[PDB]
Amino acid sequence: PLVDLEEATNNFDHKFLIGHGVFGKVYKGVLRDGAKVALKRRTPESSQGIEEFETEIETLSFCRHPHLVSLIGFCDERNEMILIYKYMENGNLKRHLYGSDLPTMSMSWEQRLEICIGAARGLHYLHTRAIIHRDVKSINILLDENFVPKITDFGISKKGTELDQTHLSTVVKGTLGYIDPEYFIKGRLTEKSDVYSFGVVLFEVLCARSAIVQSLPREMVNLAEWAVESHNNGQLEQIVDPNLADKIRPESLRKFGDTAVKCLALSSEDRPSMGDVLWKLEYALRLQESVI
Amino acid sequence: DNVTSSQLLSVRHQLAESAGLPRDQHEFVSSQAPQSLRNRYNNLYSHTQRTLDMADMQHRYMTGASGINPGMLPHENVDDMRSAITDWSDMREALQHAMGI
């Protein structure tokens with residue numbers, strides 16, 4: 001923080017709208033200056049929501065990136081604790097991938113890749129700043145009026161000391177489908193733990209199996225496991241995605257799947273850095289053009 | 001909406017206590033399994049396990065006992081297991097019916 005006080009204070013009475021979370025709710029609102037805004041009211045269930053509220057303040061004081069949700073202000077007044085961001089018109093990536101409703105059909109392959117690249121750029125920057133997100137997922141990737149991806153939610157994120165090389169050790173945190181198994185079985189956390197998590201998002205984008213962990217089908221319950229079962233050895237499956245038709249150039253499909261497979265390596269040792277993940281994605285977007 | 005962990009755990013135990021067709025019905029599922037369609041039991045059983053586990057996971061996360069967010073909201077678990085209770089009381093009806101033949 002170069003400038004210190006960005007402490008906005010008590011708006012109106014609550015207009016029931018938009019998303020809901022486990023620790024607190026989120027509402028849309030318009031401010032005195034006409035700015036459409038997003039209020040993460042964290043008063044429902046104060047089960048150490050305090051800690052995550054403060055974490056999302058200091059982590060987000062490095063508020064200077066096009067692919068990181070910009071914090072406008074905070075509260076902590078008369079028992080309340082609300083965080084404030086610009087309103088993302090198009091919501092989250094999950095919403096656009098076999099969630100529910102709103103027509104004009106599905107996203108394009110280019111658009112999908114443009115999003116994945118943008119999300120990578122954000123995560124890579126976090127790693128430049130020794131910040132490990134820990135809670136990377138399709139729900140946590142917001143996109144604006146122009147579908148520019150923005151990484152949201154940092155209540156679980158961790159800062160390191162050595163800057164880049166940090167292989168730290170703490171309690172296990174995250175979402176069921178996205179937890180780095182090495183982080184789960186051992187308790188060791190690394191920046192590469194975000195890479196596995198992002199690796200799931202990649203396949204989530206591809207297959208539109210935006211359900212990821214799905215407690216209905218066969219031995220294909222874990223998306224980060226059923227997809228690896230293919231674009232690794234079993235098939236290189238062109239059969240895993242919804243109706244992306246004959247729109248993906250086979251060479252880019254191999255590249256995208258290969259990268260997403262490499263992200264999901266069991267040991268963090270073998271996973272690519274978000275930096276390389278980024279280059280690979282840009283190259284897979286690139287791999288959609290030239291003659292013989 | 002707005003569902004509590006105490007409320008949740010209450011619905012969890014409610015399902016667990018009701019996931020149990022009576023003796024004389026089960027006596028004739030491993031002896032006079034009515035057709036093949038009545039795997040509806042063993043499919044529901046495993047599903048109820050899945051429901052109860054996810055519910056138990058959900059609870060620990062809300063309580064602060066664990067930092068693994070299970071992936072769905074607390075009201076989604078109650079809606080899943082309140083549903084699962086009907087599935088059992090239908091099995092118990094379906095079996096009483098099919099076996100009384």
# chains A, B, ... in the order shown; residues from 1 in each chain; ligands from 1
>>> select_by_dssp(residues="range 8-98 of chain B", states="helix (DSSP H, G or I)", output="PyMOL selection string")
chain B and resi 8-18+23-26+37-63+74-98
>>> interface_residues(of="chain B", to="chain A", cutoff="6 Å", atoms="only C-alpha atoms", output="PDB file with C-alpha atoms, in the first residue's frame")
ATOM      1  CA  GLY B  67     -10.187 -26.079   5.691  1.00  0.00           C
ATOM      2  CA  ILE B  68     -11.377 -28.239   2.813  1.00  0.00           C
ATOM      3  CA  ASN B  69     -14.358 -26.558   1.167  1.00  0.00           C
ATOM      4  CA  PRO B  70     -16.355 -29.547  -0.177  1.00  0.00           C
ATOM      5  CA  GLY B  71     -17.546 -27.672  -3.284  1.00  0.00           C
TER       6      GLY B  71
END
>>> closest_residue(among="A:30, A:2, A:167, A:107", to="residue 245 in chain A", atoms="only C-alpha atoms")
A:107
>>> closest_residue(among="A:82, A:274, A:223, A:291", to="residue 210 in chain A", atoms="only C-alpha atoms")
A:223
>>> atom_distance(atom1="CA of residue 197 in chain A", atom2="CA of residue 65 in chain A")
20.7 Å
>>> select_by_dssp(residues="range 22-128 of chain A", states="strand (DSSP E)", output="list in words")
residues 25, 26, 27, 28, 29, 30, 36, 37, 38, 39, 40, 41, 71, 72, 73, 74, 82, 83, 84, 85 and 86 of chain A
>>> write_last_selection(atoms="N, CA and C atoms", output="PDB file, in the first residue's frame")
ATOM      1  N   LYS A  25     -22.123 -13.308   2.064  1.00  0.00           N
ATOM      2  CA  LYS A  25     -22.865 -13.246   0.804  1.00  0.00           C
ATOM      3  C   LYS A  25     -22.333 -12.123  -0.099  1.00  0.00           C
ATOM      4  N   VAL A  26     -22.775 -12.099  -1.356  1.00  0.00           N
ATOM      5  CA  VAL A  26     -22.349 -11.066  -2.303  1.00  0.00           C
ATOM      6  C   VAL A  26     -23.554 -10.395  -2.976  1.00  0.00           C
ATOM      7  N   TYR A  27     -23.583  -9.065  -2.944  1.00  0.00           N
ATOM      8  CA  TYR A  27     -24.666  -8.291  -3.549  1.00  0.00           C
ATOM      9  C   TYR A  27     -24.137  -7.307  -4.583  1.00  0.00           C
ATOM     10  N   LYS A  28     -24.963  -7.022  -5.586  1.00  0.00           N
ATOM     11  CA  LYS A  28     -24.716  -5.925  -6.516  1.00  0.00           C
ATOM     12  C   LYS A  28     -25.268  -4.627  -5.922  1.00  0.00           C
ATOM     13  N   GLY A  29     -24.608  -3.513  -6.234  1.00  0.00           N
ATOM     14  CA  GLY A  29     -25.061  -2.202  -5.795  1.00  0.00           C
ATOM     15  C   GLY A  29     -24.492  -1.076  -6.630  1.00  0.00           C
ATOM     16  N   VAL A  30     -25.192   0.052  -6.625  1.00  0.00           N
ATOM     17  CA  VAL A  30     -24.715   1.266  -7.271  1.00  0.00           C
ATOM     18  C   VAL A  30     -24.332   2.258  -6.174  1.00  0.00           C
ATOM     19  N   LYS A  36     -21.157   0.885 -10.558  1.00  0.00           N
ATOM     20  CA  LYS A  36     -21.643  -0.469 -10.295  1.00  0.00           C
ATOM     21  C   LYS A  36     -20.575  -1.196  -9.490  1.00  0.00           C
ATOM     22  N   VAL A  37     -20.989  -1.832  -8.399  1.00  0.00           N
ATOM     23  CA  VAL A  37     -20.047  -2.338  -7.404  1.00  0.00           C
ATOM     24  C   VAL A  37     -20.467  -3.709  -6.834  1.00  0.00           C
ATOM     25  N   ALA A  38     -19.511  -4.440  -6.259  1.00  0.00           N
ATOM     26  CA  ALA A  38     -19.754  -5.794  -5.744  1.00  0.00           C
ATOM     27  C   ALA A  38     -19.370  -5.946  -4.267  1.00  0.00           C
ATOM     28  N   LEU A  39     -20.377  -6.122  -3.409  1.00  0.00           N
ATOM     29  CA  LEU A  39     -20.179  -6.124  -1.953  1.00  0.00           C
ATOM     30  C   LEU A  39     -20.140  -7.515  -1.337  1.00  0.00           C
ATOM     31  N   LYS A  40     -18.948  -7.947  -0.935  1.00  0.00           N
ATOM     32  CA  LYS A  40     -18.777  -9.232  -0.270  1.00  0.00           C
ATOM     33  C   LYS A  40     -18.984  -9.069   1.236  1.00  0.00           C
ATOM     34  N   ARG A  41     -20.253  -9.066   1.651  1.00  0.00           N
ATOM     35  CA  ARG A  41     -20.655  -8.932   3.062  1.00  0.00           C
ATOM     36  C   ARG A  41     -20.381 -10.214   3.845  1.00  0.00           C
ATOM     37  N   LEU A  71      -9.753  -4.579  -5.671  1.00  0.00           N
ATOM     38  CA  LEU A  71     -10.448  -4.118  -4.472  1.00  0.00           C
ATOM     39  C   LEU A  71     -10.635  -2.603  -4.492  1.00  0.00           C
ATOM     40  N   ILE A  72     -11.878  -2.171  -4.316  1.00  0.00           N
ATOM     41  CA  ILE A  72     -12.204  -0.750  -4.230  1.00  0.00           C
ATOM     42  C   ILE A  72     -12.068  -0.226  -2.796  1.00  0.00           C
ATOM     43  N   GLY A  73     -12.658  -0.952  -1.844  1.00  0.00           N
ATOM     44  CA  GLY A  73     -12.672  -0.545  -0.440  1.00  0.00           C
ATOM     45  C   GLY A  73     -13.076  -1.653   0.513  1.00  0.00           C
ATOM     46  N   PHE A  74     -12.975  -1.364   1.809  1.00  0.00           N
ATOM     47  CA  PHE A  74     -13.360  -2.289   2.874  1.00  0.00           C
ATOM     48  C   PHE A  74     -14.181  -1.566   3.962  1.00  0.00           C
ATOM     49  N   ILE A  82     -17.164  -5.810   5.243  1.00  0.00           N
ATOM     50  CA  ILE A  82     -17.499  -5.906   3.823  1.00  0.00           C
ATOM     51  C   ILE A  82     -16.314  -5.480   2.959  1.00  0.00           C
ATOM     52  N   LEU A  83     -16.056  -6.249   1.907  1.00  0.00           N
ATOM     53  CA  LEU A  83     -15.063  -5.881   0.914  1.00  0.00           C
ATOM     54  C   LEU A  83     -15.772  -5.462  -0.374  1.00  0.00           C
ATOM     55  N   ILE A  84     -15.136  -4.578  -1.140  1.00  0.00           N
ATOM     56  CA  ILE A  84     -15.794  -3.902  -2.257  1.00  0.00           C
ATOM     57  C   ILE A  84     -14.962  -3.965  -3.540  1.00  0.00           C
ATOM     58  N   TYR A  85     -15.572  -4.442  -4.628  1.00  0.00           N
ATOM     59  CA  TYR A  85     -14.900  -4.578  -5.934  1.00  0.00           C
ATOM     60  C   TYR A  85     -15.775  -4.062  -7.078  1.00  0.00           C
ATOM     61  N   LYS A  86     -15.154  -3.754  -8.216  1.00  0.00           N
ATOM     62  CA  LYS A  86     -15.894  -3.470  -9.453  1.00  0.00           C
ATOM     63  C   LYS A  86     -16.767  -4.667  -9.827  1.00  0.00           C
TER      64      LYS A  86
END
